[PDB]
Every structure is written in C-alpha cells, then in structure tokens.
Amino acid sequence: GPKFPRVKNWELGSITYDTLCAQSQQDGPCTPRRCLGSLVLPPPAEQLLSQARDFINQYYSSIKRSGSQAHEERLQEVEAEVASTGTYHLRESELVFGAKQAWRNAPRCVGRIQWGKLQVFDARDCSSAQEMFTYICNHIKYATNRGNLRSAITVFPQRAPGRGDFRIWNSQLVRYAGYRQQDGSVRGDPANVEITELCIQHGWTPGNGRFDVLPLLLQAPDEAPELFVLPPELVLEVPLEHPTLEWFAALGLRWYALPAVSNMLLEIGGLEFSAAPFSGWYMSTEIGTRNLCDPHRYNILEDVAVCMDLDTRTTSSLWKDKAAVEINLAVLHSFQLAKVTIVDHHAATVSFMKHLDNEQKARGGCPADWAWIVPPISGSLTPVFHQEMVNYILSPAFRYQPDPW
Amino acid sequence: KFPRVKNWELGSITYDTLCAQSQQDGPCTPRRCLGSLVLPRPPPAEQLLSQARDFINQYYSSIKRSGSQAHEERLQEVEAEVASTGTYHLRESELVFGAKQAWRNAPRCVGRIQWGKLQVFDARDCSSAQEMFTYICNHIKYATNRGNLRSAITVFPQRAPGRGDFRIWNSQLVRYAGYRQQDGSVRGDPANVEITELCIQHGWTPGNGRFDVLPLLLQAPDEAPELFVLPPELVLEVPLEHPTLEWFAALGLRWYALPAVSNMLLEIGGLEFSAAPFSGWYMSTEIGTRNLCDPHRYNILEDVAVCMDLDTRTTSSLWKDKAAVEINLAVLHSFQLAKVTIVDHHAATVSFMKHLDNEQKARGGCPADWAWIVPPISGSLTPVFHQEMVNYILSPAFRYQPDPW
Ligand code: HEM
Ligand code: HEM
Ligand SMILES: Cc1cc(N)nc(C[C@H]2CNC[C@@H]2NCCNCc2cccc(Cl)c2)c1
Ligand SMILES: Cc1cc(N)nc(C[C@H]2CNC[C@@H]2NCCNCc2cccc(Cl)c2)c1
Ligand SMILES: C[C@H](O)[C@H](O)[C@H]1CNc2nc(N)[nH]c(=O)c2N1
Ligand SMILES: C[C@H](O)[C@H](O)[C@H]1CNc2nc(N)[nH]c(=O)c2N1
Ligand SMILES: [Zn+2]
C-alpha cells in the first residue's frame, strides 16, 4: 500500500503510516544489516544556510504564511546575515517556536503531550557566569512554583565561531553528591561521583550525606568555571514515606521535585545553544525505579525487601518486583501528599497514546524510541508497550554533547 | 564499522564483529529505526548454491574438519544436486546442527543459554497429515516428559518448487479456544479466535470453556487440512493457585505446560522447512503477564485486583502493578507445585547475560532484540535492561511465514 513505515498497535489492532519520517534530515545509528536502536549514545556556511532555511520554512508554516512576503524576506535576511558573519540570530518568537519543536521532536520523552506548554526564557543577553546563576535561580523558582510545576527552558547565548561556549557542567540543575568512599563503596549517588569530585577540585567544601545537593559549575565563554551554591530555600525536596508501611519513612529517603536537564545542546535551524537547561516534572518511575533501585544507583531494593521481610534468597519469590512496586508507590504517595506535581507510568503512557494520535493527525507520525517510552516497571501493563513505533531524528532538537572538561 | 556494545550497570564494553556475517536485511535504515515492529513489512541455483556452501562450511567447521576430505566431497554433492535438480537435501547430522544454530541465532529468544541441548526429530519421511499427527504426538510425549520439560524440535518435509507446503495451521501445538459470544465479547483466548473458527469450519465440535484445548489442523501438500484431536492425557496442564491468597484458585485459572511454536519456518542452507514445530519450557512472565494480563488476552487484572480489594479507582494506586505481581507469583508457585519446569524472568535474564558472554568469546557477538529480551514487568530490575544489544539476521534462522489460508 503506502510506501511509508507501517505502524501497528497490537492491542487495538489499529494501523497508521508514518509520513513525517520523510522530513528527517539526519541519519541515525541503524542500517539494513543491523539495528543499534538499544544504544544509549550515537560551521560550513553552505550547510548552515540550508538548515536555517529549513527552520525558517518550518516557522512560517507554523504560523500559516509559507510563500508569503514576510517569509521570503526573512529567508533573505538570514542568507544576508550568514553571508556576512558566518552565523545569524533568531527572532524572539522563532526561538520560542524552535525550543517547543525540539521538545516535541524528542523521541525519548514520554511527556510530549505537554509540548505546547513550555515557558521559554530568553537569556541570550547573559554575559557572565554570575548572571547565568541568576537566570537559573529564576528558572528554578518559576518552574518549581511551590510544587505546582511548570515546564520551562532558559536559553543562554548560542555558540559563536571562535569563542568559548556557555556551558553548565552539571548534568541536571539539581543532583545529589556522590562521595567515593575509602572502602570503595559510594555514599550518595554513584551517578554523580565524577561531577562531585570536579566540584571539590574547584573549591566546593563537600558534605557527607546520601542526599547533599551539589553546587553548580557554570561557565561563561573562555573563562574557567565559577562555582555556585543553590540556596536551600530554592531546591524543593520531598521526604519519602509509604501510605501503609510505617517504617518506610524511617529509611530517610527523599528526592528533589524539579527534574532539570542541563548538559544538552539545543539545536535550532543550524544554531547551537550549548547551555539551555530545561525542566518539567517527574514520572514516578524515574525516581522509584531507576534512581532508587538501579543496581548502579541507590540500590535500595534489598534494604526495602528485608524490611518487608521478603525471601531475598531466591529469585522466584519476586522479592525485587514486590519491593520495587512499594518504593514506586511511596514516591507517588509522598509527592502527592507534599502536593508536588508528579505522574505515574500508567497515566503518563496513556496521555502519550493521546499525543501519538494528535501528532498522527497534525504531522503524520511521531518519532518515538520504544525502549525509552516503555516504563522500567510494569512494561506491558501500559498501552505504549503494544504500540509499534518509528524512531528518527527531526530538528529542532536536543542532542547530547561532550562534557566540557 | 564494528559496533561498540556497552553495559551501563558495569561499564563494560564489547565489539560485536559477528554482525558482519549477516547476509539478510532488517527493517532499519540510517533514516529511521523500525526495530520495535513485530513482523517484517525455484530460487536461482546461484543464490541457493552459495547459501548451501556457506551452511556446509559452517557445519564442517563446527565439527573441526573444515577443508578435510569429507568437506570437499560434501560440497560437490550439494553442487551436483543443485545443478541437476535445483535443490539438495540435508544429512541428519547437518540437520541437527542447523536446527541448533537456528535457535542459537533467534534474536528474540532469551532461553538461548540452552541452545545446545535440543532433541531433534527427523520427520522428513512424512507423507500425510495422519503421519504428521503421530510425529507431533511423539514430540509432545517426549518434550513434556511428565513435567520435566525437555527442549525439542520435529522437522517435517522441506518445501518444494511448485507443490504445496506441509503446514501446521495452529500457531502453537497447544492453544485454548477463543469463542466469539453474541455480544462481541470472547470466551477463552481472544488471540485464538480465528483459529478456533477455522477448526469449527472444518468439523470440530466446539466447547464452551475458557480453557478448551484446541484440536490441530495438519495439512499435507496440496490437500485441505485435516483435524486431529490431542489425547487429553498427552497435554499436561497446571492449575493456578496462590502461595498465600486462598481465594485465588477459585478463579479456576490454568495454563498448559508445553510452549511449542508451530507456524514458523525453519531455514537451513537455503532450504525451507515450512513445518518444524519447536518447544522448550515457559518463562513465568509469558503466562502471568502477557497471557493472563494483556488487555487483548484473558485480561484478568481487574478481577484479581478487586479480589485483592484494591483501589482500582486511580492508576496512581498501582493496583495494576500489584495484581500483576501476584499473578506471576501464582504461575511460578503453581508450576513449582506441579513439578513442571519453569523459569522466572530474573533467573532467565541472568542466564542470558551469561550466554551473551559465552557467545562473545565464541563468535564475537550475539544478536539480540532488546525489546523482546527485557521481560514485560520489572524491566530494569533485570540485568538485561542495562545491556546494550546489536540485532541482525544470522542463518540458520527461524522466520515468520504467511498464514496458510
Ligand atoms: C512535563 C513533564 C515531563 C515528563 C514527565 C517527561 C518525562 C520524561 C521521561 C520519563 C524521560 C525519559 C527519562 C529517562 O528515562 O532517562 C524524558 C526524556 C526526555 N525529555 Fe521529557 N518529560 C517532561 C518534560 C520535558 C521537557 C519540558 C523537555 C524539554 C523542553 C523534555 C525533554 C526530554 C528529552 C530531550 C528527553 C531525552 C533526553 C534524556 O534521556 O534525558 N521533557 N522525559
Ligand atoms: C527452554 C527454554 C526456553 C525459554 C524460556 C524461551 C523463552 C522465550 C521467550 C520469553 C521468547 C519471547 C517470546 C514472547 O514472549 O513473545 C522466546 C522467543 C523465541 N524462542 Fe525461545 N525459549 C526457550 C526455548 C526455545 C527453543 C527450544 C527454541 C527453538 C528450538 C526457541 C525458539 C525461539 C524463537 C524462534 C523465538 C522468537 C519467535 C517468537 O516466538 O516470536 N526457544 N523464547
Ligand atoms: C525535563 C525532564 C523531565 C523529566 N521528567 N525527565 C527528564 C529525564 C531525566 C530525569 N531522569 C533522568 C533523565 N536524565 C537523562 C537520563 N540519562 C542520560 C544519560 C545518557 C548517557 C549516559 C549517562 Cl551517564 C546518562 C527530563
Ligand atoms: C519455544 C518457546 C519457548 C517459550 N518459553 N516461549 C516461546 C515464545 C512463544 C510462546 N509464547 C509467546 C511466543 N509466541 C510467538 C509470539 N508472537 C507471535 C506472533 C507473530 C505475528 C503476529 C502475532 Cl498476532 C503473533 C517459544
Ligand atoms: C542499554 C539500554 O539501552 C539502556 O539501559 C536504556 C533502556 N531504556 C531506557 N529508557 C529510559 N526511559 N531511560 C533509560 O535510561 C533507559 N536506559
Ligand atoms: C510492538 C512491540 O515491539 C511488541 O509489542 C513487542 C515488545 N516486546 C515483546 N517482548 C516479548 N518477549 N514478546 C513480545 O511479543 C513482545 N512484543
Ligand atoms: Zn533499528
């Protein structure tokens, strides 16, 4: 029939064709010989121009003026600017449209149903590492909004030819310290050992808990990184407790409310924003299953299982499954009680099916990474599991980038 | 060229160099990944001849006699036969090697640690449905072994240029019927609705049960299929009860012990066996999660939930996750009680990790489809979730083929 990928939903038996994949101008890791879909990781004025033209057309299409006078002029306005400086700048609303497009285009984000609701903070005037700090404090403030979380992204100056990038060293605006012990173990979060040690090498006076909030290593162009400590009043956290197991609270586990990625590059129309932290609100399994149960993270499965008096001697007791469920229930329950925005993997995948249906009608498909869309617990119990998906790269987009050091 | 495969729990790395032996293509392309798709969207003597050499080369290397006399002589035989007749035949030993390799190369199978222990029944001297049926009965008696399941395959006559294929119409040799009730609902297994009808349309006296073992429709070349009924005593079944929830058994749930796929095609050295049913033993999740909990299957989550008195009012109570875990527990308990081989998803993925290791040293890699290797529940609580995988097509291989109607 149609010569586009055929996508089927094995629950509902429905079929769709992805025609949006044809707009993709960037190749992925696969080839007909082998699929590398499970791997976590992967200017020429000539090429910059085409990327920019493509973006501008996308913008004007979004406002329904393709072929118009404003459109053809803006195109000429960009070729002119690139023609005499090698780069070009985006208009305010062009930045707001691209930032939202990049989110909407993110194949791994299950929360894209919210893609249209992104508060974009233009911080392209920012010229000092101290100022970056200010912008972020504002970001954290606006997004945290006392628990009623709001999606937001702050965009710092774009990379300049022959100039240092604006960079945020931490992977997230809020992350707990990871202290390499004497005996080899790690106190806190093993994911952040390297960032923690980098903070110390830079003057941070380390604490010694399992939940010490790390300071930020911010960096203005061509200068070494300045170190900033977030005011505790700003970093809202939720102490975890179980709705029925009274001892869970005794574990002293907790998590911060704001998930804010900060080391990703925001690419729009060829331009590169190396410092453009974005935040939303958590899906419960991020905390409850990955951060708290991953063998290489807090690894609290055994502890909790012992507490529940489960048979952790044999696998067939499903002691891991039982505890993981309760840890997640606790993340959900605690956040709800503290009145901090959160969403469980059921609600979250259900709204993503809705997003899929919306996008089918609006663009003819949705780039999605199945392995990342399906939750880390109860996989086939959510509807996305039964939904085939086509994964590809559209731009604007968010991309991983080499750590600055 | 060669892909780098990484394990994110241990930080270990490997290089898959086995994918370079993949002669057949997948659904992916550099532009878009279609790895989550469940199905893919006489032969010239020259092509068949090379697939045959390759396979014969594979076989002799396997027994350490490559280059030897027997090897060169065998290659001539195959060539003499292809040239003269446009096809050739396998020697029993070669057939046993091919079948074992086909299982070894099954990307979606997590039970491969066992690949070397497979009882192979050569049934190529079959000339009728009635004969196929005797063969199928012996396979079941052998594989079932009174609950101490043994992995087996039975291979019927290869396909032949212009002449119908021998075929087993059922997808598995043991399936429960799915009867469409008046109200659009379905009594029994909804997945087996079409097949349950085809048997009726071919004279079977249906039942009115939720777990009515279907009869087998066996088709010898160019002849309407024939209906055979499995002797109730040949089909071992397990009654499901819960290790602590006494009310569970009252649900009258039960599942068969033998998982035996019968509608897939086995390809060895370019030859095609359109009827080669194979079986092993179950992994608890297949029954507890997918069979009993899939929306489009027996869909028993709600019932079990209410029976556990759970707030099924909101998703955030995780009633679904809680119920699913108990159901998987009943399956594992029940089978261990009935002394019928079964393996839970933790033990299973652990052994698969070991297998990737033996395969790494042995062949330079191992094709795996991440989405299928990671269990349907508690995904990240298993080692496989954290393991990157390269997926491609090796031969001998098991392929999907059109339904014969
Ligand atoms: C509004 C609520 C949101 C929810 C619950 C949500 C949820 C998620 C989840 C569950 C993941 C996969 C995380 C993982 O397993 O590592 C993810 C990935 C991602 N999300 Fe969202 N997201 C939200 C908001 C946002 C916003 C505001 C942006 C961008 C403006 C965004 C951009 C991304 C990107 C680029 C990824 C892929 C990169 C990565 O792996 O971290 N998300 N999101
Ligand atoms: C002995 C233990 C065995 C177990 C626990 C096991 C388990 C599994 C599981 C869980 C899958 C995923 C299927 C699904 O859930 O949809 C799978 C797929 C598969 N297995 Fe195995 N397996 C075993 C033995 C065998 C044997 C004996 C063969 C063949 C000789 C085999 C051939 C395959 C093939 C061809 C597939 C992919 C095709 C499909 O079913 O969709 N398995 N196996
Ligand atoms: C805005 C936003 C909202 C939201 N709810 N979730 C996210 C996702 C982040 C919060 N949970 C972890 C994830 N961060 C990135 C995941 N791992 C990235 C990675 C890749 C390769 C190597 C390493 Cl070490 C880490 C972002
Ligand atoms: C030997 C073996 C042992 C074992 N433990 N499990 C299996 C797996 C099979 C038994 N449980 C599910 C799977 N059957 C095939 C899965 N889907 C097939 C399919 C393909 C196309 C369309 C549809 Cl609808 C279904 C095989
Ligand atoms: C190796 C494997 O790709 C890796 O563990 C992936 C699997 N799926 C994931 N899915 C999400 N949402 N987040 C992750 O970090 C991962 N990790
Ligand atoms: C479309 C999607 O890939 C499909 O539902 C897959 C996902 N993972 C699976 N994993 C296993 N073991 N078995 C399956 O049938 C599936 N189905
Ligand atoms: Zn792929």
Side-chain angles (χ1 to χ4, degrees), chain A residues 40 99-100 102-104 106-115 117-121 135-155 168-178 188-189 191-192 195 211-216 230 232 234-240 253-266 275-294 297-298 327-328 330-332 334-336 338-345 347-349 351-352 369 372-373 375-377 398 400, chain B residues 316 380:
Chain A
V40 176
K100 288 182 191 173
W103 177 5
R104 175 187 191 178
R108 286 171 174 182
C109 182
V110 62
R112 282 171 294 166
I113 187 67
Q114 296 281 159
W115 85 262
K117 282 209 58 175
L118 186 52
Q119 185 42 242
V120 176
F121 292 123
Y135 268 114
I136 297 172
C137 269
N138 287 347
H139 184 120
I140 295 177
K141 261 181 267 185
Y142 177 90
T144 304
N145 184 37
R146 290 170 189 169
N148 178 35
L149 276 41
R150 306 184 296 227
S151 306
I153 181 182
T154 296
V155 191
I168 296 187
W169 284 30
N170 315 49
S171 62
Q172 278 184 46
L173 298 186
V174 177
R175 296 231 79 185
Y176 298 133
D189 186 341
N192 308 313
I195 182 62
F211 305 105
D212 300 327
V213 182
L214 283 163
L216 301 168
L230 305 155
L234 288 196
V235 188
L236 176 61
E237 300 181 90
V238 186
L240 309 182
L253 300 175
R254 56 202 281 110
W255 207 266
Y256 52 87
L258 193 74
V261 174
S262 43
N263 60 177
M264 292 201 88
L265 180 162
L266 168 53
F278 57 86
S279 78
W281 60 71
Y282 277 108
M283 173 175 85
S284 68
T285 50
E286 271 167 298
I287 297 171
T289 307
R290 307 304 314 282
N291 309 336
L292 294 186
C293 302
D294 264 9
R297 295 299 291 289
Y298 283 77
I327 288 145
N328 276 266
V331 173
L332 278 180
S334 300
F335 266 70
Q336 300 186 312
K339 294 167 173 174
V340 178
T341 305
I342 195 144
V343 64
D344 64 83
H345 50 293
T349 50
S351 73
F352 179 70
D369 194 317
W372 280 65
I373 292 299
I377 55 170
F398 288 113
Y400 290 112
Chain B
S316 54
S380 66

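Residue numbers begin at 1 in each chain, while the letters A, B, ... track the order of the sequences. All values below were derived from every heavy atom in this structure, side-chain atoms included, with hydrogens, water molecules and symmetry-related copies excluded.
Looking only at atom types and distance, the side chain of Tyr298(A) has no donor-acceptor partner in the side chain of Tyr176(A) under 3.5 Å away.
Taking the six-membered ring wherever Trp is involved, the centroid distance between the rings of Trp103(A) and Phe398(A) does not fall below 6.0 Å.
Counting only heavy atoms from C-beta outward, the side chains of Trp255(A) and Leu292(A) approach each other to under 4.5 Å. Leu234(A) has its side chain within reach of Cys137(A): a pair of non-hydrogen atoms, C-beta onward, lies under 4.5 Å apart. Between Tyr256(A) and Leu236(A) there is no side-chain heavy-atom pair separated by less than 4.5 Å. Contact of the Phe352(A) side chain with the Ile373(A) side chain is registered, since non-hydrogen atoms from C-beta on lie closer than 4.5 Å. With contacts defined as side-chain heavy-atom distances shorter than 4.5 Å, the pair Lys117(A)/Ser151(A) does not qualify.
Of the candidates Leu173(A), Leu258(A), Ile140(A), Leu230(A), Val235(A) forms a side chain to side chain contact (heavy atoms under 4.5 Å, CB included) with just one, namely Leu230(A). When the options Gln119(A), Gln172(A), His139(A) are evaluated for a side chain to side chain donor-acceptor pair (under 3.5 Å) with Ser279(A), the one that passes is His139(A).
With sequence neighbours excluded, the residues that form a ring pair (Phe, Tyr, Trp, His ring centres under 6.0 Å) with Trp169(A) are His202(A), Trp405(A). With sequence neighbours left out, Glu237(A) forms a salt bridge (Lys or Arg N to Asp or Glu O under 4.0 Å) with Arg254(A).
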What's the verdict on side-chain contact (heavy atoms from CB on, under 4.5 Å) for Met283(A) and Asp344(A), showing C-alpha distance, side-chain angles and the deciding distance? CA-CA 5 Å; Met283(A) 173 175 85; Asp344(A) 64 83; over 6 Å; no
Start with the C-alpha distance between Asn263(A) and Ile168(A), add both sets of side-chain angles, then the distance that settles side-chain contact (heavy atoms from CB on, under 4.5 Å), and finish with yes or no. CA-CA 6 Å; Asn263(A) 60 177; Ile168(A) 296 187; over 6 Å; no
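Distance check: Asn192(A) CG to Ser171(A) OG gives 5.5 Å after rounding to the nearest 0.5 Å. In this structure, OG1 on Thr285(A) lies 9.0 Å from CZ on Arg290(A), to the nearest 0.5 angstrom. The structure places CG of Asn145(A) at 13.0 Å from NZ of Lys141(A), a figure rounded to the nearest 0.5 Å. For the atom pair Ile287(A) CD1 and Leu240(A) CG, the distance stands at 7.5 Å (nearest 0.5 Å). Atoms CZ and OG, from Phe278(A) and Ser262(A) in turn, are 8.5 Å apart once rounded to the nearest 0.5 Å. Between the CD1 atom of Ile342(A) and the CZ atom of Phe335(A) there is a distance of 4.5 Å, given to the nearest 0.5 Å.
Nearest heavy atom pair, residue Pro277(A) against residue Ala275(A), reads CD-C, 3.7 Å. Closest heavy-atom contact between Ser380(B) and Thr289(A): OG-CG2, 3.1 Å. When all heavy atoms of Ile327(A) and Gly288(A) are compared, the pair lying nearest together is CG2-O, 3.3 Å. Across every non-hydrogen atom of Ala191(A) and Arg175(A), the tightest pair is CB-NH1, 4.2 Å. Residues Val155(A) and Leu266(A) approach most closely at CG2-CD2, 4.2 Å, considering heavy atoms. When every heavy atom of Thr144(A) is checked against every heavy atom of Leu149(A), the shortest pair comes out as O-CD1, 3.2 Å.
Put simply, the side chain of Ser284(A) never gets that close to the backbone of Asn328(A): no donor and acceptor are under 3.5 Å apart. A donor-acceptor pair under 3.5 Å links the side-chain atoms of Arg112(A) to the main chain of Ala106(A), judged by distance alone.
Annotation: cation-pi geometry satisfied between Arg150(A) and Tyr142(A) (NZ/CZ under 6.0 angstrom from ring centroid, within 45° of ring axis).
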